[PDB]
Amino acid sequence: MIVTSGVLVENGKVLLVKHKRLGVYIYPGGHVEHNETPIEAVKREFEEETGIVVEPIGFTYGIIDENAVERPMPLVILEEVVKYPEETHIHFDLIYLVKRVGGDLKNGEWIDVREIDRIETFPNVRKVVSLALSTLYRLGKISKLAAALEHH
């Protein structure tokens, strides 16, 4: 099934929640409901699971008109196999980098990335967080450059 997740990193910490069934730490996310887009789903899941409101970001060519609007590219797409003694689940996970735009922390834990190698996370979470840090670094260089140009 198609699912989606959101990666929120602020001041060297990533917001993770305990997996509903496995307990291990994972980025907030869940199944995309029947008539919702993955974009709407990640926003909904993130706020229901943590109380924080986010907006998915990601590369876009900027296409927008009366016929279609482009949505941001996920940070990475992983096709995950989750085995349970009862059944195996296949999750096609659109993992988005997200930014905080409101809300307040009600559930979840801000995990210092320097400690993540001694915290039990769902598979591949650390590699994905590392991809987010690199991406955020480049986004910051672009943002700082935009600001420096505003001085003209």
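Numbering starts at 1 and runs along the sequence shown.
**Student:** Once you work out the mean C-alpha B-factor for both 11 to 19 and 137 to 145 from the entry, which is higher?
**Tutor:** Comparing 137 to 145 with 11 to 19, the higher average CA B-factor belongs to 137 to 145.
**Student:** Averaging CA B factors per stretch from the PDB record, which one is higher: 22 to 30 or 104 to 112?
**Tutor:** If you average the C-alpha B-factors of 22 to 30 and of 104 to 112, the larger mean comes out for 104 to 112.
**Student:** Which of these, 40, 86, 70, 93, has its C-alpha atom at the highest B-factor, as the entry lists it?
**Tutor:** Largest recorded C-alpha B-factor: 86.
**Student:** Splitting the chain's C-alpha B-factors into thirds, which one does residue 117 fall into?
**Tutor:** CA B-factor rank for residue 117: lowest third.
**Student:** Would you please rank residue 98 by its C-alpha temperature factor against the other modelled residues of its chain and give the third it falls in: lowest, middle or highest?
**Tutor:** Bottom third by C-alpha B-factor.
**Student:** Residue 1's Cα B-factor: lowest, middle or highest third of the chain?
**Tutor:** According to the entry, residue 1 has a C-alpha B-factor in the chain's highest third.
**Student:** State the tercile, meaning the lowest, middle or highest third, of residue 64 with respect to the CA B-factors recorded for its chain.
**Tutor:** Within its chain, residue 64 is a highest-third residue by C-alpha B-factor, going by the deposited values.
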